[PDB]
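Take a look at the structure set out below.
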Number of protein chains: 2
Amino acid sequence: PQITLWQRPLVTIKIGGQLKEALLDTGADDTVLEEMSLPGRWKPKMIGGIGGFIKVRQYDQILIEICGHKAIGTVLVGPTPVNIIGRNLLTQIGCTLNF
Amino acid sequence: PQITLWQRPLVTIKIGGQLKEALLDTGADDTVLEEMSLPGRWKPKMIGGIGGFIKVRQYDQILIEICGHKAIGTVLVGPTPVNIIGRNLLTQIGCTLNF
Ligand SMILES: CC(C)CN(C[C@@H](O)[C@H](Cc1ccc(F)cc1)NC(=O)O[C@H]1CCO[C@H]2OCC[C@H]21)S(=O)(=O)c1ccc2nc(NC(C)C)sc2c1
């Protein structure tokens, strides 16, 4: 699809058997999701944003479906306010910016 | 231009007579720039991101040139770690997401 930016660019994702809504975020290196129950082993990590840092649990090679496109990569889970699909997964679904 | 997301989507901007690099950020509602000297009056404000909040100075009706496209809008200035062009200006330069 082509998405204009008058509204937040939200998509439906399916991850760990659960449906969620998430922001397509070209400003995000990595993918960061609300506290959620994910299968497998993780690793503690800290990521920084505009206001400081949050602790996240990092899971590698997780399958996500992003608006009907499948990707596999790293997902971080923690106290983010919004679910964010970052460039590590946007590249896999072929997402580009155009103007 | 068409920008893929294998690297950060950075563009050059000219704002307040100064040249800066900035991130095209579909996850940012507003435009937030590192500490800089802007002319005119501002308004104190607080905005939230992944790690908490920062206090910013809000300047309205600011002219920016973003990779050769001119826009006028609100710019927030404060302790962000990256210059961020948010959706208030991305819409004006006709930026879309595509996959
Ligand atoms: C997190 C999202 C919802 C908002 N954020 C933009 C995202 O694109 C941020 C942009 C950024 C890049 C780099 C940075 F160092 C800091 C910040 N990316 C991000 O946090 O990425 C994290 C995690 C992913 O992995 C990494 O990616 C790089 C850093 C890691 S925001 O900046 O906080 C921001 C912007 C404008 C704005 N206007 C408002 N208006 C209100 C009045 C409603 S609120 C608001 C908040």
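Within each chain, counting starts at residue 1; across the structure tokens, chains are named A, B, ... in the order shown, with ligands numbered 1 upward in that order.
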* Please identify all polymer residues within 8 Å of residue 52 of chain B, counting only C-alpha atoms, omitting same-chain residues fewer than 5 positions from it, and present them as JSON, numbers by chain. => {"A": [50, 51, 52, 53]}
Writing out the chosen residues with N, CA and C atoms as an mmCIF file, in the first residue's frame:
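Written file, part-v1.cif:
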data_model
loop_
_atom_site.group_PDB
_atom_site.id
_atom_site.type_symbol
_atom_site.label_atom_id
_atom_site.label_comp_id
_atom_site.auth_asym_id
_atom_site.auth_seq_id
_atom_site.Cartn_x
_atom_site.Cartn_y
_atom_site.Cartn_z
ATOM 1 N N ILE A 50 13.834 9.839 22.960
ATOM 2 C CA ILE A 50 13.791 11.286 23.149
ATOM 3 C C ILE A 50 13.974 11.654 24.618
ATOM 4 N N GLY A 51 13.367 10.891 25.532
ATOM 5 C CA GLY A 51 13.330 11.274 26.928
ATOM 6 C C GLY A 51 14.272 10.549 27.863
ATOM 7 N N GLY A 52 15.111 9.661 27.351
ATOM 8 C CA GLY A 52 15.957 8.854 28.204
ATOM 9 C C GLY A 52 15.953 7.411 27.751
ATOM 10 N N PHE A 53 16.033 6.478 28.689
ATOM 11 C CA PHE A 53 16.232 5.075 28.364
ATOM 12 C C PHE A 53 15.152 4.219 29.012
#
Which residues of chain A have any atom within 9 Å of an atom in chain B when counting only C-alpha atoms, and what is the closest pair of atoms for each, with the distance in Å to one decimal? Order the rows by chain and rising number and write it as JSON lines.
{"residue": "A:1", "atom": "CA", "partner": "B:99", "partner_atom": "CA", "distance": 5.6}
{"residue": "A:2", "atom": "CA", "partner": "B:98", "partner_atom": "CA", "distance": 4.5}
{"residue": "A:3", "atom": "CA", "partner": "B:97", "partner_atom": "CA", "distance": 5.0}
{"residue": "A:4", "atom": "CA", "partner": "B:96", "partner_atom": "CA", "distance": 4.7}
{"residue": "A:5", "atom": "CA", "partner": "B:91", "partner_atom": "CA", "distance": 5.7}
{"residue": "A:6", "atom": "CA", "partner": "B:91", "partner_atom": "CA", "distance": 6.2}
{"residue": "A:7", "atom": "CA", "partner": "B:87", "partner_atom": "CA", "distance": 8.1}
{"residue": "A:8", "atom": "CA", "partner": "B:27", "partner_atom": "CA", "distance": 7.3}
{"residue": "A:9", "atom": "CA", "partner": "B:26", "partner_atom": "CA", "distance": 7.2}
{"residue": "A:23", "atom": "CA", "partner": "B:27", "partner_atom": "CA", "distance": 6.5}
{"residue": "A:24", "atom": "CA", "partner": "B:27", "partner_atom": "CA", "distance": 6.6}
{"residue": "A:25", "atom": "CA", "partner": "B:27", "partner_atom": "CA", "distance": 4.3}
{"residue": "A:26", "atom": "CA", "partner": "B:25", "partner_atom": "CA", "distance": 5.1}
{"residue": "A:27", "atom": "CA", "partner": "B:25", "partner_atom": "CA", "distance": 4.2}
{"residue": "A:28", "atom": "CA", "partner": "B:27", "partner_atom": "CA", "distance": 7.7}
{"residue": "A:29", "atom": "CA", "partner": "B:8", "partner_atom": "CA", "distance": 7.5}
{"residue": "A:47", "atom": "CA", "partner": "B:51", "partner_atom": "CA", "distance": 8.3}
{"residue": "A:48", "atom": "CA", "partner": "B:51", "partner_atom": "CA", "distance": 6.5}
{"residue": "A:49", "atom": "CA", "partner": "B:50", "partner_atom": "CA", "distance": 5.2}
{"residue": "A:50", "atom": "CA", "partner": "B:49", "partner_atom": "CA", "distance": 5.2}
{"residue": "A:51", "atom": "CA", "partner": "B:52", "partner_atom": "CA", "distance": 4.2}
{"residue": "A:52", "atom": "CA", "partner": "B:51", "partner_atom": "CA", "distance": 4.2}
{"residue": "A:53", "atom": "CA", "partner": "B:51", "partner_atom": "CA", "distance": 4.6}
{"residue": "A:54", "atom": "CA", "partner": "B:51", "partner_atom": "CA", "distance": 5.5}
{"residue": "A:79", "atom": "CA", "partner": "B:50", "partner_atom": "CA", "distance": 7.9}
{"residue": "A:80", "atom": "CA", "partner": "B:50", "partner_atom": "CA", "distance": 5.4}
{"residue": "A:81", "atom": "CA", "partner": "B:50", "partner_atom": "CA", "distance": 6.5}
{"residue": "A:82", "atom": "CA", "partner": "B:50", "partner_atom": "CA", "distance": 8.2}
{"residue": "A:84", "atom": "CA", "partner": "B:27", "partner_atom": "CA", "distance": 7.8}
{"residue": "A:87", "atom": "CA", "partner": "B:5", "partner_atom": "CA", "distance": 5.9}
{"residue": "A:88", "atom": "CA", "partner": "B:6", "partner_atom": "CA", "distance": 7.9}
{"residue": "A:90", "atom": "CA", "partner": "B:5", "partner_atom": "CA", "distance": 7.0}
{"residue": "A:91", "atom": "CA", "partner": "B:5", "partner_atom": "CA", "distance": 5.7}
{"residue": "A:93", "atom": "CA", "partner": "B:99", "partner_atom": "CA", "distance": 6.5}
{"residue": "A:94", "atom": "CA", "partner": "B:99", "partner_atom": "CA", "distance": 5.1}
{"residue": "A:95", "atom": "CA", "partner": "B:99", "partner_atom": "CA", "distance": 4.3}
{"residue": "A:96", "atom": "CA", "partner": "B:4", "partner_atom": "CA", "distance": 4.7}
{"residue": "A:97", "atom": "CA", "partner": "B:97", "partner_atom": "CA", "distance": 4.8}
{"residue": "A:98", "atom": "CA", "partner": "B:2", "partner_atom": "CA", "distance": 4.5}
{"residue": "A:99", "atom": "CA", "partner": "B:95", "partner_atom": "CA", "distance": 4.3}
Could you write those residues out with C-alpha atoms, as a JSON list (two decimals), in the first residue's frame?
[["chain", "number", "residue", "atom", "x", "y", "z"],
["A", 1, "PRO", "CA", 0.00, 0.00, 0.00],
["A", 2, "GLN", "CA", 0.83, 3.70, -0.18],
["A", 3, "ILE", "CA", 0.39, 5.50, 3.15],
["A", 4, "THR", "CA", 0.21, 9.26, 3.49],
["A", 5, "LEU", "CA", 1.17, 10.89, 6.76],
["A", 6, "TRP", "CA", -1.81, 13.11, 7.67],
["A", 7, "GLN", "CA", -2.57, 10.50, 10.32],
["A", 8, "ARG", "CA", -0.27, 8.20, 12.25],
["A", 9, "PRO", "CA", 0.83, 5.32, 9.93],
["A", 23, "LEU", "CA", 3.35, 2.48, 14.12],
["A", 24, "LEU", "CA", 5.43, 2.27, 10.95],
["A", 25, "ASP", "CA", 8.36, 4.31, 12.24],
["A", 26, "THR", "CA", 11.20, 5.29, 9.88],
["A", 27, "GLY", "CA", 12.83, 7.05, 12.85],
["A", 28, "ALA", "CA", 13.23, 3.76, 14.73],
["A", 29, "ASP", "CA", 16.31, 1.59, 14.16],
["A", 47, "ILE", "CA", 17.46, 1.54, 24.41],
["A", 48, "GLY", "CA", 17.39, 5.31, 24.32],
["A", 49, "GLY", "CA", 14.86, 7.67, 22.89],
["A", 50, "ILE", "CA", 13.79, 11.29, 23.15],
["A", 51, "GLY", "CA", 13.33, 11.27, 26.93],
["A", 52, "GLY", "CA", 15.96, 8.85, 28.20],
["A", 53, "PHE", "CA", 16.23, 5.08, 28.36],
["A", 54, "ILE", "CA", 14.01, 2.06, 28.96],
["A", 79, "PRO", "CA", 7.61, -0.02, 28.53],
["A", 80, "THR", "CA", 7.23, 1.79, 25.24],
["A", 81, "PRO", "CA", 4.09, 3.94, 25.01],
["A", 82, "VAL", "CA", 3.41, 2.94, 21.36],
["A", 84, "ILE", "CA", 6.89, 0.66, 16.93],
["A", 87, "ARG", "CA", 13.76, -0.17, 10.12],
["A", 88, "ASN", "CA", 15.07, -3.67, 10.91],
["A", 90, "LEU", "CA", 10.54, -2.21, 7.49],
["A", 91, "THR", "CA", 13.37, -3.17, 5.12],
["A", 93, "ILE", "CA", 8.55, -5.73, 3.88],
["A", 94, "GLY", "CA", 9.98, -3.42, 1.21],
["A", 95, "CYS", "CA", 8.91, -0.15, 2.80],
["A", 96, "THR", "CA", 10.26, 3.05, 1.24],
["A", 97, "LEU", "CA", 9.86, 6.77, 1.81],
["A", 98, "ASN", "CA", 8.93, 8.78, -1.27],
["A", 99, "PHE", "CA", 8.46, 12.49, -1.94]]
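With distances restricted to only C-alpha atoms and all ligand atoms, A:31 is the closest residue to ligand 1 from A:31, A:12, A:18, A:74.
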Can you list, as a PDB file with N, CA, C and O atoms, in the first residue's frame, all residues belonging to segment 25-72 of chain B that DSSP tags as strand (DSSP E or B)?
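part-v7.pdb was written with the following content:
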ATOM      1  N   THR B  31       7.986  18.033  14.806  1.00  0.00           N
ATOM      2  CA  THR B  31       9.369  18.208  14.385  1.00  0.00           C
ATOM      3  C   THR B  31      10.180  18.738  15.561  1.00  0.00           C
ATOM      4  O   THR B  31       9.808  19.742  16.179  1.00  0.00           O
ATOM      5  N   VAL B  32      11.261  18.045  15.888  1.00  0.00           N
ATOM      6  CA  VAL B  32      12.031  18.318  17.099  1.00  0.00           C
ATOM      7  C   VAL B  32      13.504  18.413  16.725  1.00  0.00           C
ATOM      8  O   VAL B  32      14.086  17.436  16.237  1.00  0.00           O
ATOM      9  N   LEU B  33      14.111  19.571  16.987  1.00  0.00           N
ATOM     10  CA  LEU B  33      15.497  19.828  16.626  1.00  0.00           C
ATOM     11  C   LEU B  33      16.364  20.087  17.847  1.00  0.00           C
ATOM     12  O   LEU B  33      15.922  20.699  18.827  1.00  0.00           O
ATOM     13  N   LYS B  43       7.367  29.170  23.100  1.00  0.00           N
ATOM     14  CA  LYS B  43       6.447  28.786  24.166  1.00  0.00           C
ATOM     15  C   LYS B  43       7.054  27.552  24.822  1.00  0.00           C
ATOM     16  O   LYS B  43       7.517  26.636  24.108  1.00  0.00           O
ATOM     17  N   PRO B  44       7.098  27.500  26.154  1.00  0.00           N
ATOM     18  CA  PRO B  44       7.573  26.288  26.829  1.00  0.00           C
ATOM     19  C   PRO B  44       6.599  25.136  26.624  1.00  0.00           C
ATOM     20  O   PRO B  44       5.379  25.320  26.626  1.00  0.00           O
ATOM     21  N   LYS B  45       7.152  23.938  26.440  1.00  0.00           N
ATOM     22  CA  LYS B  45       6.321  22.760  26.235  1.00  0.00           C
ATOM     23  C   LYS B  45       7.102  21.520  26.643  1.00  0.00           C
ATOM     24  O   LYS B  45       8.336  21.535  26.734  1.00  0.00           O
ATOM     25  N   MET B  46       6.362  20.445  26.894  1.00  0.00           N
ATOM     26  CA  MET B  46       6.925  19.147  27.221  1.00  0.00           C
ATOM     27  C   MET B  46       6.353  18.123  26.259  1.00  0.00           C
ATOM     28  O   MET B  46       5.140  18.091  26.042  1.00  0.00           O
ATOM     29  N   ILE B  47       7.217  17.285  25.691  1.00  0.00           N
ATOM     30  CA  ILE B  47       6.786  16.223  24.793  1.00  0.00           C
ATOM     31  C   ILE B  47       7.360  14.904  25.282  1.00  0.00           C
ATOM     32  O   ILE B  47       8.426  14.854  25.899  1.00  0.00           O
ATOM     33  N   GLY B  48       6.643  13.825  25.003  1.00  0.00           N
ATOM     34  CA  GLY B  48       7.017  12.505  25.478  1.00  0.00           C
ATOM     35  C   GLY B  48       7.508  11.614  24.354  1.00  0.00           C
ATOM     36  O   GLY B  48       7.009  11.677  23.231  1.00  0.00           O
ATOM     37  N   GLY B  49       8.491  10.787  24.672  1.00  0.00           N
ATOM     38  CA  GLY B  49       8.876   9.707  23.794  1.00  0.00           C
ATOM     39  C   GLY B  49       9.163   8.440  24.566  1.00  0.00           C
ATOM     40  O   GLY B  49       8.604   8.226  25.648  1.00  0.00           O
ATOM     41  N   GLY B  52      10.589   8.836  28.363  1.00  0.00           N
ATOM     42  CA  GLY B  52      10.103   9.873  29.245  1.00  0.00           C
ATOM     43  C   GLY B  52       9.860  11.154  28.479  1.00  0.00           C
ATOM     44  O   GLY B  52       9.521  11.113  27.294  1.00  0.00           O
ATOM     45  N   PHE B  53      10.068  12.297  29.119  1.00  0.00           N
ATOM     46  CA  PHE B  53       9.736  13.581  28.532  1.00  0.00           C
ATOM     47  C   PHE B  53      10.963  14.478  28.477  1.00  0.00           C
ATOM     48  O   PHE B  53      11.910  14.316  29.248  1.00  0.00           O
ATOM     49  N   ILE B  54      10.912  15.459  27.576  1.00  0.00           N
ATOM     50  CA  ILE B  54      11.882  16.545  27.540  1.00  0.00           C
ATOM     51  C   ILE B  54      11.128  17.861  27.471  1.00  0.00           C
ATOM     52  O   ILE B  54      10.034  17.944  26.909  1.00  0.00           O
ATOM     53  N   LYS B  55      11.720  18.897  28.053  1.00  0.00           N
ATOM     54  CA  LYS B  55      11.180  20.240  27.903  1.00  0.00           C
ATOM     55  C   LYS B  55      11.712  20.843  26.612  1.00  0.00           C
ATOM     56  O   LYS B  55      12.906  20.750  26.321  1.00  0.00           O
ATOM     57  N   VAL B  56      10.824  21.439  25.825  1.00  0.00           N
ATOM     58  CA  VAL B  56      11.243  22.049  24.574  1.00  0.00           C
ATOM     59  C   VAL B  56      10.747  23.481  24.511  1.00  0.00           C
ATOM     60  O   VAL B  56       9.856  23.901  25.256  1.00  0.00           O
ATOM     61  N   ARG B  57      11.351  24.226  23.593  1.00  0.00           N
ATOM     62  CA  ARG B  57      10.874  25.535  23.186  1.00  0.00           C
ATOM     63  C   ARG B  57      10.117  25.355  21.881  1.00  0.00           C
ATOM     64  O   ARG B  57      10.659  24.793  20.920  1.00  0.00           O
ATOM     65  N   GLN B  58       8.868  25.800  21.850  1.00  0.00           N
ATOM     66  CA  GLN B  58       8.015  25.651  20.678  1.00  0.00           C
ATOM     67  C   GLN B  58       8.001  26.942  19.872  1.00  0.00           C
ATOM     68  O   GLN B  58       7.605  27.992  20.386  1.00  0.00           O
ATOM     69  N   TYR B  59       8.420  26.862  18.610  1.00  0.00           N
ATOM     70  CA  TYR B  59       8.356  27.977  17.670  1.00  0.00           C
ATOM     71  C   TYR B  59       7.362  27.632  16.571  1.00  0.00           C
ATOM     72  O   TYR B  59       7.420  26.535  15.999  1.00  0.00           O
ATOM     73  N   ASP B  60       6.471  28.564  16.251  1.00  0.00           N
ATOM     74  CA  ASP B  60       5.451  28.311  15.246  1.00  0.00           C
ATOM     75  C   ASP B  60       5.757  29.059  13.953  1.00  0.00           C
ATOM     76  O   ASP B  60       6.546  30.007  13.926  1.00  0.00           O
ATOM     77  N   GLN B  61       5.141  28.589  12.867  1.00  0.00           N
ATOM     78  CA  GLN B  61       5.272  29.198  11.542  1.00  0.00           C
ATOM     79  C   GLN B  61       6.735  29.439  11.179  1.00  0.00           C
ATOM     80  O   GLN B  61       7.141  30.541  10.793  1.00  0.00           O
ATOM     81  N   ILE B  62       7.535  28.385  11.311  1.00  0.00           N
ATOM     82  CA  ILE B  62       8.955  28.413  10.972  1.00  0.00           C
ATOM     83  C   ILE B  62       9.124  27.864   9.565  1.00  0.00           C
ATOM     84  O   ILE B  62       8.530  26.836   9.218  1.00  0.00           O
ATOM     85  N   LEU B  63       9.925  28.548   8.749  1.00  0.00           N
ATOM     86  CA  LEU B  63      10.242  28.052   7.422  1.00  0.00           C
ATOM     87  C   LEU B  63      11.404  27.071   7.490  1.00  0.00           C
ATOM     88  O   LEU B  63      12.452  27.378   8.058  1.00  0.00           O
ATOM     89  N   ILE B  64      11.222  25.892   6.914  1.00  0.00           N
ATOM     90  CA  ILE B  64      12.307  24.935   6.753  1.00  0.00           C
ATOM     91  C   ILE B  64      12.378  24.546   5.293  1.00  0.00           C
ATOM     92  O   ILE B  64      11.356  24.420   4.616  1.00  0.00           O
ATOM     93  N   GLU B  65      13.587  24.316   4.812  1.00  0.00           N
ATOM     94  CA  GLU B  65      13.775  23.699   3.510  1.00  0.00           C
ATOM     95  C   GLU B  65      14.350  22.315   3.745  1.00  0.00           C
ATOM     96  O   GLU B  65      15.422  22.180   4.338  1.00  0.00           O
ATOM     97  N   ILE B  66      13.607  21.297   3.320  1.00  0.00           N
ATOM     98  CA  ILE B  66      13.901  19.899   3.613  1.00  0.00           C
ATOM     99  C   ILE B  66      14.193  19.219   2.286  1.00  0.00           C
ATOM    100  O   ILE B  66      13.272  18.957   1.497  1.00  0.00           O
ATOM    101  N   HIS B  69      12.632  21.008  -0.552  1.00  0.00           N
ATOM    102  CA  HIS B  69      11.209  21.281  -0.443  1.00  0.00           C
ATOM    103  C   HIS B  69      10.989  22.207   0.740  1.00  0.00           C
ATOM    104  O   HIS B  69      11.457  21.927   1.852  1.00  0.00           O
ATOM    105  N   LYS B  70      10.266  23.290   0.506  1.00  0.00           N
ATOM    106  CA  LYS B  70       9.997  24.269   1.543  1.00  0.00           C
ATOM    107  C   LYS B  70       8.723  23.907   2.295  1.00  0.00           C
ATOM    108  O   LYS B  70       7.739  23.467   1.699  1.00  0.00           O
ATOM    109  N   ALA B  71       8.760  24.078   3.613  1.00  0.00           N
ATOM    110  CA  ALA B  71       7.594  23.919   4.470  1.00  0.00           C
ATOM    111  C   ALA B  71       7.609  24.989   5.555  1.00  0.00           C
ATOM    112  O   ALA B  71       8.667  25.487   5.944  1.00  0.00           O
ATOM    113  N   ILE B  72       6.424  25.338   6.046  1.00  0.00           N
ATOM    114  CA  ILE B  72       6.262  26.234   7.184  1.00  0.00           C
ATOM    115  C   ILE B  72       5.447  25.505   8.233  1.00  0.00           C
ATOM    116  O   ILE B  72       4.368  24.983   7.931  1.00  0.00           O
TER     117      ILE B  72
END
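Picture a line from atom CA of residue 83 of chain B to atom 5 (N, counted along the ligand's line) of ligand 1; it runs 11.1 Å.
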* **alpha helix (DSSP H) per DSSP on the backbone: members of chain A, as a ChimeraX atom specification** => /A:87-90
How about saving the chosen residues, N, CA and C atoms kept, as a PDB file, in the first residue's frame?
ATOM      1  N   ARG A  87      13.189   0.094  11.436  1.00  0.00           N
ATOM      2  CA  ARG A  87      13.757  -0.175  10.117  1.00  0.00           C
ATOM      3  C   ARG A  87      14.234  -1.621   9.963  1.00  0.00           C
ATOM      4  N   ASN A  88      14.595  -2.295  11.056  1.00  0.00           N
ATOM      5  CA  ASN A  88      15.074  -3.674  10.913  1.00  0.00           C
ATOM      6  C   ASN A  88      14.024  -4.570  10.268  1.00  0.00           C
ATOM      7  N   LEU A  89      12.742  -4.271  10.487  1.00  0.00           N
ATOM      8  CA  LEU A  89      11.647  -4.997   9.866  1.00  0.00           C
ATOM      9  C   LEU A  89      11.058  -4.265   8.667  1.00  0.00           C
ATOM     10  N   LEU A  90      11.072  -2.923   8.651  1.00  0.00           N
ATOM     11  CA  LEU A  90      10.543  -2.207   7.491  1.00  0.00           C
ATOM     12  C   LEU A  90      11.293  -2.585   6.213  1.00  0.00           C
TER      13      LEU A  90
END
* Structure fact -> Separating atom 11 (C, counted along the ligand's line) of ligand 1 from atom CA of residue 35 of chain B, to the nearest tenth of an Å, is a gap of 15.0 Å
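Nearest residue to ligand 1 among A:15, A:40, A:34, A:20 is A:34, counting only C-alpha atoms and all ligand atoms.
The closest residue to ligand 1, picked from A:76, A:38, A:19, A:11 and counting only C-alpha atoms and all ligand atoms, is A:76.
Each of B:37, B:42, B:13, B:75 was compared to ligand 1 using only C-alpha atoms and all ligand atoms, and B:75 turns out to be the nearest.
Minimum atom-to-atom distances from A:16, A:36, A:30, A:21 to ligand 1 were compared using only C-alpha atoms and all ligand atoms, and the lowest value belongs to A:30.
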